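Okay, structure first, notes after.
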Amino acid sequence: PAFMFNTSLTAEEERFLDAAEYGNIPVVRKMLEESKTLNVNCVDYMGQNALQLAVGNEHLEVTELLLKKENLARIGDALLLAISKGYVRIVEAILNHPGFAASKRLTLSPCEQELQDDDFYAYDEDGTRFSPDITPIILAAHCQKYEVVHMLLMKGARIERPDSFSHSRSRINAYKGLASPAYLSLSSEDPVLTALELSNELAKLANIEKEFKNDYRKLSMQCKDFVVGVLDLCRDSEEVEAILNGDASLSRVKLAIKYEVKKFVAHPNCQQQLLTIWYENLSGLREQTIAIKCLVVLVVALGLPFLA
Amino acid sequence: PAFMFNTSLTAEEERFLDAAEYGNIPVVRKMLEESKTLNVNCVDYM
Amino acid sequence: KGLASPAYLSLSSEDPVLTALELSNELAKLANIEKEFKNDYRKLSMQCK
Amino acid sequence: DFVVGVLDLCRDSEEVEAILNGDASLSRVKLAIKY
Amino acid sequence: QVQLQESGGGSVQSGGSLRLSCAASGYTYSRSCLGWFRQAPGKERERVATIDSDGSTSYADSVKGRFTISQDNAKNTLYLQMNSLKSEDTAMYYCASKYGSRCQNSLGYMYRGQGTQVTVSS
Amino acid sequence: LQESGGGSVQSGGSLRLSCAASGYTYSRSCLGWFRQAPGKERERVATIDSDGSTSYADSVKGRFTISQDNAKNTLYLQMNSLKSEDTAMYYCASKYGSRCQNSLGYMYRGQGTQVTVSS
Amino acid sequence: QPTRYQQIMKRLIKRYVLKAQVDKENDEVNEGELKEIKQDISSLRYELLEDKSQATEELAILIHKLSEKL
Amino acid sequence: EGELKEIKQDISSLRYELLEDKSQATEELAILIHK
Amino acid sequence: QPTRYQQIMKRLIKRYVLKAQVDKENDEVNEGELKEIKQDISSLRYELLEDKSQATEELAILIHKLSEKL
Ligand SMILES: [Ca+2]
Ligand SMILES: [Ca+2]
Ligand SMILES: [Ca+2]
């Protein structure tokens with residue numbers, strides 16, 4: 001092949017990679033303990049070492065055996081891969097490594113991760129599996145791994161809330177993290193208001209940025225869909241009022257109308273409240289037919305000076 | 001996080017919940033039989 | 001939704017086809033009456049049909 | 001579609017330039033327009 | 001390879017208490033085993049207490065209810081707590097670690113530690 | 001079931017046994033013949049698994065052949081060069097599982113056949 | 001400490017998280033998830049085979065000792 | 001995906017049921033030291 | 001030794017290969033893959049339920065042989 005992505009991968013290292021990739025837990029344990037000429041950082045034809053192979057195939061036991069081994073490389077990429085695949089137990093095991101518990105890599109900003117030059121979240125001699133600006137919390141929000149997002153939030157990770165080309169990609173990635181339901185529902189105290197404001201902000205950004213108009217339109221649509229779903233999950237009048245009136249003035253209905261959130265206002269849970277307010281004192285006229293309404297319109301037309 | 005859906009979920013209760021969630025039948029049987037400091041109504045993060 | 005499901009129509013009533021026809025009529029009438037929840041009752045009537 | 005995907009997977013200005021400008025004469029853009 | 005040097009060595013009056021500690025790596029998901037073993041002078045090696053990967057502990061009938069095998073949350077260190085340390089509980093205690101779920105079987109354990117020294121005065 | 005093939009044969013000859021034992025395929029069943037020599041204790045002659053794999057005692061290795069019909073409804077034991085040692089009440093047994101080569105768990109459930117070898 | 005609105009919002013947000021997880025469980029299964037289950041079967045096979053290898057080794061030791069005693 | 005998760009949990013429960021520690025009968029078979 | 005353009009192309013091609021493998025893993029699971037998993041389960045059954053009971057009946061014979069001595 002014209003590209004050597006990975007020497008010769010001696011039989012010991014090849015056997016170790018074969019055992020780790022296909023979950024031969026006893027063999028990988030035996031090779032980690034007894035063997036002395038084996039380096040745990042040997043890589044296969046694609047440059048994936050034992051840890052990345054075990055994480056990719058969801059081998060929690062092999063992952064635990066490798067994490068107990070010192071001088072294990074590609075730990076950050078293993079965490080990112082596990083977050084991408086939504087392997088909650090593997091992510092939890094990796095987050096207990098001294099590379100995360102002792103350090104503050106989750107807490108620090110993506111810009112701080114870019115200025116610290118830690119070569120941590122890298123998966124080969126040069127380059128990372130995902131964009132260099134994608135922190136673990138941003139990736140978990142991307143993939144909508146609710147439990148992973150909750151674990152990272154407990155760890156203290158937050159989304160940044162922000163070449164001339166990688167900067168736009170970084171901003172779009174940060175907004176994809178922010179505009180996901182997994183982060184909107186788990187981060188803020190008032191997710192509906194935050195999602196409405198974020199939908200407005202993303203619509204404005206789509207207006208400003210024309211090349212990436214589709215991306216910001218999609219993110220705004222995600223925020224609108226989250227608000228609509230939260231409204232839909234209401235089961236009594238109190239929850240509907242809380243979603244509509246906010247913390248009776250329909251503050252969130254007016255916000256949705258201003259922010260062009262159409263399905264929120266058009267939702268039956270919102271429509272029933274709007275109809276109740278629409279017929280304030282005309283309770284009996286709500287269910288009358290169109291003919292009776294036209295007749296009452298004609299009566300009002302006849303008697304409008306009298307009514308005034 | 002702003003919302004706490006669930007204390008501190010002591011290690012015994014944490015391992016009991018891990019065993020029950022992933023069907024570790026011997027462990028859940030052992031903890032329901034022998035363990036006396038175990039609250040079977042302990043809840044996880046959700 | 002519980003009444004208009006085949007799992008209950010077949011296992012509950014002695015004459016499931018007649019019961020489902022009458023239920024379809026009732027659900028169509030209620031779809032007419034309830035304008036805000038029209039789609040749900042229309043779907044349930046379609047389920048009975 | 002393979003060429004479009006390899007272009008899509010660029011993550012910074014240098015990779016985009018390498019894919020477009022080939023080895024600022026946009027050789028690959030002219031080839032794509034010709035083809 | 002991994003030098004452990006089981007600690008807790010010392011002497012204590014019979015009927016008291018003492019604590020041991022061994023640097024044994026334990027695993028929560030992988031099926032591993034950790035345990036303490038008793039090599040009494042004149043007698044042979046026996047199984048004091050063993051702890052499974054899931055935390056389940058098995059104690060010898062002699063030491064049932066008196067000893068407590070336990071470890072840290074990191075599971076990099078193995079702790080043995082002795083209470084009411086009588087005359088019988090005296091030996092060159094060793095620390096062992098095997099793979100699998102057959103923790104309560106003495107065979108297969110690796111005694112790669114030098115050992116500790118505990119004795120009781122009557 | 002009733003074991004058949006009962007009779008007497010001269011040493012160095014051949015004889016055939018049969019037992020109405022129903023074997024199974026795919027279902028992990030064990031069939032086998034057992035030897036109850038007078039004076040001695042009950043032992044295992046040969047066993048046949050659900051997959052057809054056969055295990056023979058070291059004494060009867062190569063000389064005996066355990067088999068069954070295509071419908072696995074009848075158990076057949078073929079004996080060649082019957083020496084003086086091969087004299088007993090050859091019972092018939094059937095258990096469940098893959099523990100064919102362990103004589104525990106077999107349910108003999110039979111009268112047994114009597115075979116004697118004249119020297 | 002929490003007001004009524006905070007309690008209502010917490011209920012609705014937990015309900016939304018559970019509904020989203022349920023809807024994710026209703027997504028069509030991809031090939032990667034089947035590969036994950038296949039690898040689970042593979043690791044289970046290796047663990048079970050090594051368990052048997054250990055049981056057979058233990059039984060072998062007793063025989064060897066016993067054989068020596070005879 | 002829910003049914004596949006159910007099957008994965010079935011495999012996990014089977015693993016935990018098969019890897020139970022029953023190696024005690026064998027340990028008690030050390031009464032051979034009482035030859 | 002390699003030029004900068006060669007290094008960039010190597011990075012982008014490795015990235016494309018990984019992305020393509022991920023997209024394949026996101027493709028709908030066919031019936032053939034499920035049959036492969038079913039055959040994995042089938043093979044495991046025969047591998048585990050293999051007869052290894054001689055390592056038990058040999059000992060029982062030895063126990064008896066020495067029990068006669070005792
Ligand atoms: Ca696994
Ligand atoms: Ca899926
Ligand atoms: Ca496919």
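Just so we're on the same page: first chain in the structure tokens is A, next is B, and so on; residues restart at 1 for each chain, and ligands are numbered from 1 in the order they show up.
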
Please identify every polymer residue within 8 Å of ligand 3, using only C-alpha atoms and all ligand atoms, and present the set as a list in words.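 The distance check yields residues 30 and 31 of chain G; 24, 25, 27, 28, 29, 30 and 33 of chain I.
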
Would you export the selected residues with N, CA and C atoms as a PDB file, in the first residue's frame, please?
```
ATOM      1  N   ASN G  30     -28.163  -0.631  14.108  1.00  0.00           N
ATOM      2  CA  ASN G  30     -27.108  -0.529  13.116  1.00  0.00           C
ATOM      3  C   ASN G  30     -26.226  -1.773  13.163  1.00  0.00           C
ATOM      4  N   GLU G  31     -25.225  -1.801  12.285  1.00  0.00           N
ATOM      5  CA  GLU G  31     -24.290  -2.918  12.240  1.00  0.00           C
ATOM      6  C   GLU G  31     -23.282  -2.871  13.381  1.00  0.00           C
TER       7      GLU G  31
ATOM      8  N   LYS I  24     -20.022   2.480   7.627  1.00  0.00           N
ATOM      9  CA  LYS I  24     -20.420   1.090   7.435  1.00  0.00           C
ATOM     10  C   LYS I  24     -21.012   0.512   8.714  1.00  0.00           C
ATOM     11  N   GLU I  25     -20.419   0.836   9.863  1.00  0.00           N
ATOM     12  CA  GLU I  25     -20.961   0.384  11.139  1.00  0.00           C
ATOM     13  C   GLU I  25     -22.311   1.012  11.453  1.00  0.00           C
ATOM     14  N   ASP I  27     -24.578   1.390   9.050  1.00  0.00           N
ATOM     15  CA  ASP I  27     -25.501   0.840   8.073  1.00  0.00           C
ATOM     16  C   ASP I  27     -26.429  -0.167   8.739  1.00  0.00           C
ATOM     17  N   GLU I  28     -27.601  -0.353   8.139  1.00  0.00           N
ATOM     18  CA  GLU I  28     -28.582  -1.277   8.689  1.00  0.00           C
ATOM     19  C   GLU I  28     -28.031  -2.696   8.711  1.00  0.00           C
ATOM     20  N   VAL I  29     -28.352  -3.419   9.776  1.00  0.00           N
ATOM     21  CA  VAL I  29     -27.858  -4.776   9.958  1.00  0.00           C
ATOM     22  C   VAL I  29     -28.673  -5.727   9.094  1.00  0.00           C
ATOM     23  N   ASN I  30     -27.981  -6.524   8.286  1.00  0.00           N
ATOM     24  CA  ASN I  30     -28.626  -7.494   7.421  1.00  0.00           C
ATOM     25  C   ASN I  30     -28.954  -8.762   8.204  1.00  0.00           C
ATOM     26  N   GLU I  33     -25.570 -11.045   8.974  1.00  0.00           N
ATOM     27  CA  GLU I  33     -24.814 -10.774  10.193  1.00  0.00           C
ATOM     28  C   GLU I  33     -25.471 -11.424  11.403  1.00  0.00           C
TER      29      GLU I  33
END
```

Compute the set of chain I residues within 8 Å of chain F, using only C-alpha atoms, and express it as a PyMOL selection string. chain I and resi 49-54+56-57

Requested write-out: N, CA and C atoms of the selected residues, as a short mmCIF file (atom, residue, chain, number, x, y, z; two decimals), in the first residue's frame:
```
data_model
loop_
_atom_site.label_atom_id
_atom_site.label_comp_id
_atom_site.auth_asym_id
_atom_site.auth_seq_id
_atom_site.Cartn_x
_atom_site.Cartn_y
_atom_site.Cartn_z
N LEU I 49 -20.12 -27.33 25.93
CA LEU I 49 -20.76 -28.61 26.30
C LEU I 49 -19.96 -29.76 25.69
N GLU I 50 -18.64 -29.63 25.61
CA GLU I 50 -17.80 -30.75 25.13
C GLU I 50 -17.59 -31.71 26.30
N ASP I 51 -17.42 -33.00 26.03
CA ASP I 51 -17.28 -33.99 27.12
C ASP I 51 -15.85 -33.95 27.66
N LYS I 52 -15.68 -33.60 28.93
CA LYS I 52 -14.33 -33.65 29.54
C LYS I 52 -14.50 -34.37 30.88
N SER I 53 -15.47 -35.28 30.98
CA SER I 53 -15.79 -35.92 32.29
C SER I 53 -14.83 -37.06 32.64
N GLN I 54 -13.90 -37.41 31.75
CA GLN I 54 -12.88 -38.42 32.12
C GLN I 54 -12.08 -37.85 33.29
N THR I 56 -12.95 -36.52 35.66
CA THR I 56 -13.71 -36.75 36.91
C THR I 56 -13.85 -38.25 37.16
N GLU I 57 -14.11 -39.05 36.12
CA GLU I 57 -14.35 -40.47 36.40
C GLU I 57 -13.05 -41.21 36.66
#
```

Within 10 Å of ligand 1, counting only C-alpha atoms and all ligand atoms, which protein or nucleic acid residues do you find, written as a ChimeraX atom specification? /A:22-23,54-55,57-63,87,89-90 /E:29 /G:36-44 /H:8,11-12

What does the C-alpha RMSD come to when chain G is least-squares superposed onto chain I, all C-alpha atoms paired in sequence order? 2.5 Å

Could you list, as a PyMOL selection string, every residue within 12 Å of residue D:9, counting only C-alpha atoms and ignoring same-chain residues fewer than 5 positions away? (chain A and resi 129-131+169) or (chain D and resi 2-4+15-16+19) or (chain I and resi 8-9+11-20)

Please list as a ChimeraX atom specification every residue within 8 Å of residue E:101, counting only C-alpha atoms and excluding residues in the same chain fewer than 4 positions away. /E:31-33,52-53 /G:51 /H:19-21

Could you write out that same residue set with N, CA, C and O atoms as a PDB file, in the first residue's frame?
```
ATOM      1  N   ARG E  31     -12.696 -10.805  35.513  1.00  0.00           N
ATOM      2  CA  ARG E  31     -12.901 -11.785  36.606  1.00  0.00           C
ATOM      3  C   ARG E  31     -11.537 -12.094  37.221  1.00  0.00           C
ATOM      4  O   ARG E  31     -10.828 -12.943  36.671  1.00  0.00           O
ATOM      5  N   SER E  32     -11.189 -11.414  38.313  1.00  0.00           N
ATOM      6  CA  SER E  32      -9.888 -11.637  38.985  1.00  0.00           C
ATOM      7  C   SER E  32     -10.118 -12.149  40.403  1.00  0.00           C
ATOM      8  O   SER E  32     -11.284 -12.262  40.803  1.00  0.00           O
ATOM      9  N   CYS E  33      -9.036 -12.451  41.118  1.00  0.00           N
ATOM     10  CA  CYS E  33      -9.147 -12.906  42.494  1.00  0.00           C
ATOM     11  C   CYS E  33      -7.983 -12.353  43.301  1.00  0.00           C
ATOM     12  O   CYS E  33      -6.852 -12.296  42.812  1.00  0.00           O
ATOM     13  N   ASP E  52     -13.477 -11.580  45.571  1.00  0.00           N
ATOM     14  CA  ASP E  52     -13.713 -11.744  44.147  1.00  0.00           C
ATOM     15  C   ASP E  52     -13.643 -10.390  43.445  1.00  0.00           C
ATOM     16  O   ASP E  52     -13.399  -9.349  44.058  1.00  0.00           O
ATOM     17  N   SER E  53     -13.857 -10.406  42.127  1.00  0.00           N
ATOM     18  CA  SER E  53     -13.887  -9.162  41.369  1.00  0.00           C
ATOM     19  C   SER E  53     -15.111  -8.327  41.709  1.00  0.00           C
ATOM     20  O   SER E  53     -15.055  -7.094  41.650  1.00  0.00           O
TER      21      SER E  53
ATOM     22  N   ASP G  51     -12.151 -20.582  32.036  1.00  0.00           N
ATOM     23  CA  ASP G  51     -12.695 -21.144  33.298  1.00  0.00           C
ATOM     24  C   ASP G  51     -12.578 -22.666  33.237  1.00  0.00           C
ATOM     25  O   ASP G  51     -12.080 -23.261  34.206  1.00  0.00           O
TER      26      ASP G  51
ATOM     27  N   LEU H  19     -20.041 -17.653  35.395  1.00  0.00           N
ATOM     28  CA  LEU H  19     -18.789 -17.357  36.077  1.00  0.00           C
ATOM     29  C   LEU H  19     -18.967 -17.190  37.579  1.00  0.00           C
ATOM     30  O   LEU H  19     -18.200 -16.457  38.213  1.00  0.00           O
ATOM     31  N   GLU H  20     -20.006 -17.821  38.127  1.00  0.00           N
ATOM     32  CA  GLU H  20     -20.187 -17.779  39.595  1.00  0.00           C
ATOM     33  C   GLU H  20     -19.013 -18.512  40.218  1.00  0.00           C
ATOM     34  O   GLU H  20     -18.517 -19.461  39.588  1.00  0.00           O
ATOM     35  N   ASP H  21     -18.630 -18.178  41.449  1.00  0.00           N
ATOM     36  CA  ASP H  21     -17.554 -18.971  42.099  1.00  0.00           C
ATOM     37  C   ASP H  21     -18.160 -20.219  42.744  1.00  0.00           C
ATOM     38  O   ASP H  21     -18.844 -20.073  43.771  1.00  0.00           O
TER      39      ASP H  21
END
```

Can you list every residue in chain D that DSSP puts in helix (DSSP H, G or I), as a list in words?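 Filtering chain D down to helix (DSSP H, G or I) leaves residues 2, 3, 4, 5, 6, 7, 8, 13, 14, 15, 16, 17, 18, 19, 20, 27, 28, 29, 30, 31, 32, 33 and 34 of chain D.
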
Selected residues, N, CA and C atoms, written as a PDB file, in the first residue's frame, please.
```pdb
ATOM      1  N   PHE D   2     -16.081   9.971  -3.647  1.00  0.00           N
ATOM      2  CA  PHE D   2     -14.867   9.790  -2.860  1.00  0.00           C
ATOM      3  C   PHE D   2     -14.080  11.089  -2.764  1.00  0.00           C
ATOM      4  N   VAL D   3     -13.927  11.796  -3.887  1.00  0.00           N
ATOM      5  CA  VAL D   3     -13.199  13.063  -3.849  1.00  0.00           C
ATOM      6  C   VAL D   3     -13.919  14.064  -2.954  1.00  0.00           C
ATOM      7  N   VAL D   4     -15.248  14.123  -3.058  1.00  0.00           N
ATOM      8  CA  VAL D   4     -16.025  15.040  -2.229  1.00  0.00           C
ATOM      9  C   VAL D   4     -15.863  14.701  -0.755  1.00  0.00           C
ATOM     10  N   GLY D   5     -15.866  13.411  -0.417  1.00  0.00           N
ATOM     11  CA  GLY D   5     -15.690  13.020   0.973  1.00  0.00           C
ATOM     12  C   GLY D   5     -14.319  13.377   1.515  1.00  0.00           C
ATOM     13  N   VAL D   6     -13.270  13.132   0.726  1.00  0.00           N
ATOM     14  CA  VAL D   6     -11.928  13.492   1.172  1.00  0.00           C
ATOM     15  C   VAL D   6     -11.817  15.000   1.365  1.00  0.00           C
ATOM     16  N   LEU D   7     -12.469  15.782   0.501  1.00  0.00           N
ATOM     17  CA  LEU D   7     -12.514  17.225   0.725  1.00  0.00           C
ATOM     18  C   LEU D   7     -13.285  17.561   1.996  1.00  0.00           C
ATOM     19  N   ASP D   8     -14.394  16.862   2.236  1.00  0.00           N
ATOM     20  CA  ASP D   8     -15.247  17.157   3.380  1.00  0.00           C
ATOM     21  C   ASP D   8     -14.533  16.889   4.694  1.00  0.00           C
ATOM     22  N   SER D  13      -7.285  25.031   7.400  1.00  0.00           N
ATOM     23  CA  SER D  13      -6.984  25.673   6.125  1.00  0.00           C
ATOM     24  C   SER D  13      -5.921  24.908   5.350  1.00  0.00           C
ATOM     25  N   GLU D  14      -4.936  24.343   6.052  1.00  0.00           N
ATOM     26  CA  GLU D  14      -3.844  23.657   5.370  1.00  0.00           C
ATOM     27  C   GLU D  14      -4.342  22.434   4.608  1.00  0.00           C
ATOM     28  N   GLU D  15      -5.218  21.640   5.226  1.00  0.00           N
ATOM     29  CA  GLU D  15      -5.740  20.455   4.554  1.00  0.00           C
ATOM     30  C   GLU D  15      -6.621  20.828   3.367  1.00  0.00           C
ATOM     31  N   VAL D  16      -7.439  21.873   3.514  1.00  0.00           N
ATOM     32  CA  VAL D  16      -8.269  22.326   2.401  1.00  0.00           C
ATOM     33  C   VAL D  16      -7.396  22.803   1.250  1.00  0.00           C
ATOM     34  N   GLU D  17      -6.336  23.549   1.560  1.00  0.00           N
ATOM     35  CA  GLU D  17      -5.414  23.995   0.522  1.00  0.00           C
ATOM     36  C   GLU D  17      -4.737  22.813  -0.159  1.00  0.00           C
ATOM     37  N   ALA D  18      -4.323  21.812   0.620  1.00  0.00           N
ATOM     38  CA  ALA D  18      -3.673  20.644   0.035  1.00  0.00           C
ATOM     39  C   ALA D  18      -4.617  19.893  -0.893  1.00  0.00           C
ATOM     40  N   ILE D  19      -5.885  19.761  -0.503  1.00  0.00           N
ATOM     41  CA  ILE D  19      -6.842  19.061  -1.355  1.00  0.00           C
ATOM     42  C   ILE D  19      -7.154  19.879  -2.603  1.00  0.00           C
ATOM     43  N   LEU D  20      -7.276  21.199  -2.462  1.00  0.00           N
ATOM     44  CA  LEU D  20      -7.643  22.043  -3.596  1.00  0.00           C
ATOM     45  C   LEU D  20      -6.435  22.374  -4.464  1.00  0.00           C
ATOM     46  N   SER D  27      -5.330  23.643  -8.795  1.00  0.00           N
ATOM     47  CA  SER D  27      -5.278  22.615  -9.830  1.00  0.00           C
ATOM     48  C   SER D  27      -6.466  21.667  -9.731  1.00  0.00           C
ATOM     49  N   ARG D  28      -6.790  21.223  -8.516  1.00  0.00           N
ATOM     50  CA  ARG D  28      -7.852  20.234  -8.364  1.00  0.00           C
ATOM     51  C   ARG D  28      -9.228  20.843  -8.587  1.00  0.00           C
ATOM     52  N   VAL D  29      -9.411  22.124  -8.267  1.00  0.00           N
ATOM     53  CA  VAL D  29     -10.680  22.777  -8.578  1.00  0.00           C
ATOM     54  C   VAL D  29     -10.885  22.845 -10.085  1.00  0.00           C
ATOM     55  N   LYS D  30      -9.832  23.200 -10.825  1.00  0.00           N
ATOM     56  CA  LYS D  30      -9.929  23.235 -12.279  1.00  0.00           C
ATOM     57  C   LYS D  30     -10.170  21.845 -12.851  1.00  0.00           C
ATOM     58  N   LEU D  31      -9.520  20.823 -12.286  1.00  0.00           N
ATOM     59  CA  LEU D  31      -9.770  19.456 -12.732  1.00  0.00           C
ATOM     60  C   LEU D  31     -11.212  19.041 -12.470  1.00  0.00           C
ATOM     61  N   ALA D  32     -11.741  19.380 -11.294  1.00  0.00           N
ATOM     62  CA  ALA D  32     -13.113  19.015 -10.963  1.00  0.00           C
ATOM     63  C   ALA D  32     -14.106  19.720 -11.873  1.00  0.00           C
ATOM     64  N   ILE D  33     -13.850  20.988 -12.197  1.00  0.00           N
ATOM     65  CA  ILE D  33     -14.727  21.698 -13.123  1.00  0.00           C
ATOM     66  C   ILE D  33     -14.630  21.096 -14.520  1.00  0.00           C
ATOM     67  N   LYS D  34     -13.417  20.747 -14.953  1.00  0.00           N
ATOM     68  CA  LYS D  34     -13.249  20.113 -16.256  1.00  0.00           C
ATOM     69  C   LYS D  34     -13.926  18.749 -16.298  1.00  0.00           C
TER      70      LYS D  34
END
```

Using only C-alpha atoms, which residues sit within 8 Å of residue G:47 once same-chain residues fewer than 6 positions away are excluded, as a ChimeraX atom specification? /A:24-26 /E:100

Could you save those same residues with N, CA and C atoms as a PDB file, in the first residue's frame?
```pdb
ATOM      1  N   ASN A  24      -9.909 -11.356  24.274  1.00  0.00           N
ATOM      2  CA  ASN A  24      -9.273 -12.493  24.935  1.00  0.00           C
ATOM      3  C   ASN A  24      -8.703 -11.996  26.260  1.00  0.00           C
ATOM      4  N   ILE A  25      -9.603 -11.835  27.230  1.00  0.00           N
ATOM      5  CA  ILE A  25      -9.219 -11.247  28.516  1.00  0.00           C
ATOM      6  C   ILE A  25      -8.121 -12.037  29.219  1.00  0.00           C
ATOM      7  N   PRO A  26      -8.204 -13.367  29.350  1.00  0.00           N
ATOM      8  CA  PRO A  26      -7.102 -14.083  30.014  1.00  0.00           C
ATOM      9  C   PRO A  26      -5.762 -13.893  29.331  1.00  0.00           C
TER      10      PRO A  26
ATOM     11  N   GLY E 100      -9.603 -15.282  37.046  1.00  0.00           N
ATOM     12  CA  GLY E 100     -10.774 -16.129  36.992  1.00  0.00           C
ATOM     13  C   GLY E 100     -11.752 -15.794  38.092  1.00  0.00           C
TER      14      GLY E 100
END
```

Which of these, G:10, G:46, G:35, G:59, has the shortest distance to chain H once you count only C-alpha atoms?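 Nearest to chain H: G:59.
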
Distance cut-off 9 Å, counting only C-alpha atoms - which residues of chain B neighbour chain G? Return them as number ranges by chain. B: 3-5, 46

Can I get the selected residues back with N, CA, C and O atoms, as a PDB file, in the first residue's frame?
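Written file, again_2.pdb:
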```
ATOM      1  N   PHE B   3     -30.011  19.898  37.487  1.00  0.00           N
ATOM      2  CA  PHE B   3     -31.051  19.005  37.979  1.00  0.00           C
ATOM      3  C   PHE B   3     -30.429  17.736  38.543  1.00  0.00           C
ATOM      4  O   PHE B   3     -29.612  17.090  37.879  1.00  0.00           O
ATOM      5  N   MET B   4     -30.825  17.382  39.764  1.00  0.00           N
ATOM      6  CA  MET B   4     -30.370  16.171  40.438  1.00  0.00           C
ATOM      7  C   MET B   4     -31.522  15.174  40.431  1.00  0.00           C
ATOM      8  O   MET B   4     -32.364  15.185  41.335  1.00  0.00           O
ATOM      9  N   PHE B   5     -31.551  14.307  39.418  1.00  0.00           N
ATOM     10  CA  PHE B   5     -32.664  13.385  39.237  1.00  0.00           C
ATOM     11  C   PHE B   5     -32.755  12.324  40.327  1.00  0.00           C
ATOM     12  O   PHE B   5     -33.820  11.720  40.490  1.00  0.00           O
ATOM     13  N   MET B  46     -30.518   8.460  37.869  1.00  0.00           N
ATOM     14  CA  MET B  46     -31.803   8.768  37.255  1.00  0.00           C
ATOM     15  C   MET B  46     -32.978   8.517  38.190  1.00  0.00           C
ATOM     16  O   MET B  46     -34.130   8.606  37.755  1.00  0.00           O
TER      17      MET B  46
END
```
